[PDB]
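Heads up: the structure comes next, in C-alpha cells.
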Amino acid sequence: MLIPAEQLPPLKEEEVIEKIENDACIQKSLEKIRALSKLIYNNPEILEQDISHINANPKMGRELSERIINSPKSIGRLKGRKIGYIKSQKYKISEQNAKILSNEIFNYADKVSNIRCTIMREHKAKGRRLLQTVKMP
Numbered sequence: 374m375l376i377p378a379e380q381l382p383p384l385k386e387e388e389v390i391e392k393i394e395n396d397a398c399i400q401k402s403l404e405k406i407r408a409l410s411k412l413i414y415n416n417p418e419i420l421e422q423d424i425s426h427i428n429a430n431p432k433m434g435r436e437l438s439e440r441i442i443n444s445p446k447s448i449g450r451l452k453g454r455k456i457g458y459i460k461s462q463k464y465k466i467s468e469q470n471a472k473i474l475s476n477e478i479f480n481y482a483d484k485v486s487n488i489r490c491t492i493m494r495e496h497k498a499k500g501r502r503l504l505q506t507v508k509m510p
C-alpha cells in the first residue's frame with residue numbers, strides 16, 4: 374500500500390554534504406583547523422580524512438577531540454625540537470595549540486550536527502507541504 378510520507382523524494386547524502394561544505398561557519402572553522410594542523414603537525418591536511426567522516430557522522434568528532442587531547446602526538450609528530458624529556462618552547466606551544474585544535478574539532482562537529490538536523494527537518498517539512506498543499510490558479 375501507499376504510505377503518503379514515503380511518496381516523498383528521499384534526501385540524498387550528497388546534498389547534505391554539499392550543504393555542509395558550503396556553510397560559511399563550517400568553512401571558517403575548517404580554515405582554522407587547517408592552520409592549526411599546519412602549526413602543530415606541519416601538515417594542513419593531516420585530518421582531511423577525519424573531516425570527511427565527521428561530515429558524515431558528527432559523533433566521531435567528539436571522540437577525535439578527546440583522542441587529540443589525550444595524546445596529541447598520536448596524530449603525528451609535533452612541530453618543535455625535543456630531546457628526551459626536554460622540550461623546546463616551540464614544542465610546548467605545539468602541545469598547547471593541540472588543545473585548541475581539539476576544541477575546534479569538537480565545535481566543528483557540533484556545527485555539522487546542527488546542519489544535518491536542520492536539513493532533515495526542512496526536507497520533512499517540504500515533503501509535508503508537497504503532500505497536503507492544494508495548488509490554486
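Going by our numbering, the sequence shown opens with residue 374, and the numbers climb by one from there. Where is the CB? At the ideal position from N, CA and C, for every residue including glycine.
Look up residue i in the DSSP assignment and say whether it is helix, strand or coil.
i           : result
residue 385 : coil
residue 459 : strand
residue 507 : coil
residue 483 : helix
Please classify residue i: is it buried, with 16 or more other beta-carbons within 10 angstroms of its beta-carbon, or exposed?
i           : result
residue 471 : buried
residue 467 : buried
residue 428 : buried
residue 459 : exposed
residue 461 : exposed
residue 502 : exposed
Are residue i and residue j closer than 8 Å when you measure CB to CB?
i           : j           : result
residue 445 : residue 413 : yes
residue 557 : residue 478 : Since the first residue shown for the chain is 374 and the last is 510, residue 557 is missing from the structure and cannot be characterised.
residue 464 : residue 474 : no
residue 431 : residue 485 : yes
residue 378 : residue 500 : yes
Since residue i contacts residue j with CB under 8 Å, what's their CB separation in whole angstroms?
i           : j           : result
residue 419 : residue 456 : Not a contact, Cβ separation roughly 24 Å.
residue 425 : residue 481 : Rounded, the Cβ-Cβ distance is 12 Å, inconsistent with contact.
residue 399 : residue 406 : About 10 Å separates the two Cβ atoms, so there is no contact after all.
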